[PDB]
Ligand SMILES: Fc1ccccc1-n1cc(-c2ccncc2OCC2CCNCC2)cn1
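A single chain comes next, written as structure tokens; it is the form deposited without this ligand.
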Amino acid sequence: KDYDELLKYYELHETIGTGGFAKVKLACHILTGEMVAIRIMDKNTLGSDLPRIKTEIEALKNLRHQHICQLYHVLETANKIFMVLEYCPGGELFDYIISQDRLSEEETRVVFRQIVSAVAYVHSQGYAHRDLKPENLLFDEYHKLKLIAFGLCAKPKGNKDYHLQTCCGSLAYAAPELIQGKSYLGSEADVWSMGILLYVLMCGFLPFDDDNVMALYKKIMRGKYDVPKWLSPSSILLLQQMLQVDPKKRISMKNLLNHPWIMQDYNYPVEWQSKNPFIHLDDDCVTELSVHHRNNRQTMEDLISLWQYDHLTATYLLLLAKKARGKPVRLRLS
């Protein structure tokens, strides 16, 4: 059984999403009693995608940001790969919307600034997302966005350095050239997707939408959309600057960060740099672990620092999160 190794660190809970690429189960990390989400993949099912899944994980390991969903633990079995991630109760973007017909300009600005923060960080690390959509946008118990920075939807193709949108669900949020599989400079692809998001937040429907798939396909490639009466000029403008069929004509991140629409109620640009980066080990978390590991501090630190996203790394991070909730930094041992 592949689960035996996992089952000694976690007890399972009712599944959250069947989804395409991975089953996702809600779970309890035994040592800390904290909730986590676990992504379960089947290596035999994934087959040829497995190499890419591994590089996507390597990418995720290098992301530590206030609006990126945190990775805790990666466990590999003969047949399975388990990803353990921060759990986000608020649910997906529209689980968090509360089904309200649409958000006001200031209501969307609050959310949208967080999306910009997350994506800017990702780009700063030298990656593009290439699959920004509502189900990749979760909300934690504080109603802060946590982006899922991991996916198999957008994939590289060809001898050239091109990317292709693979998930037909993602279509309405995907840039034209990405859909065509002629996307290089994928970061521009991301600016397009946020434009779509921006539109939906303020309007309560998509700018390009059709039951027919070719029809929807064509509307996107053509780039024309309705502009509701209730959108402000500023809103409308920012939309135009993002929703450009020509990738080269889409607003740059740099100009997005400090856009007048973006700065309008805040008078400071999006703060996209990691506010919680890994500088030094938190002493309390270390003392707690060494109590449990029955060892000395330096030894304990050196061990955490290997930072293998093993059960140790997960335990460290969950204790860390506990301190941040203002909870006791304690383990469940005994």
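Throughout, we count residues from 1 along the sequence that is shown.
Form solved in complex with this ligand: not shown, discussed below.
* Counting only non-hydrogen atoms and a 4.5 angstroms cut-off, does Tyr87 reach this ligand in the deposited bound form? -> It does: once this ligand is placed as it appears in the deposited bound form, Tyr87 has a heavy atom within 4.5 Å of it.
* If you check in the deposited bound form, is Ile262 within 4.5 Å of this ligand, heavy atoms only? -> Close contact is absent here: in the deposited bound form, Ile262 is far from this ligand, nothing within 4.5 Å, heavy atoms only.
* Indicate whether this ligand has at least one heavy atom within 4.5 Å of a heavy atom of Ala174 in the deposited bound form. => Taking the distances in the deposited bound form, the answer for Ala174 is no, it never comes within 4.5 Å of this ligand.
* **Contact test in the deposited bound form: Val24 vs this ligand, heavy atoms, 4.5 Å** => Looking in the deposited bound form, residue contacts with this ligand include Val24, since a heavy atom lies within 4.5 Å.
* Among 89-97, 242-250, 175-183, 202-210, which stretch has residues whose heavy atoms lie within 4.5 Å of this ligand in the deposited bound form? -> Every other range fails; the passing one is 89-97.
* Pick from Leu320, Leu312, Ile16, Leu12: which has a non-hydrogen atom within 4.5 Å of this ligand in the deposited bound form? -> Selected option: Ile16.
* **Among the candidates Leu31, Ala37, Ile304, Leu289, the residue which, in the deposited bound form, approaches this ligand to within 4.5 Å (heavy atoms)** => Among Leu31, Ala37, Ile304, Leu289, a heavy atom within 4.5 Å of this ligand in the deposited bound form occurs only for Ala37.
* in the deposited bound form, does each residue in the set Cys69, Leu138 and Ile148 place a non-hydrogen atom within 4.5 angstroms of this ligand? -> Yes, because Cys69, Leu138 and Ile148 each have a heavy atom that approaches this ligand to within 4.5 Å in the deposited bound form.
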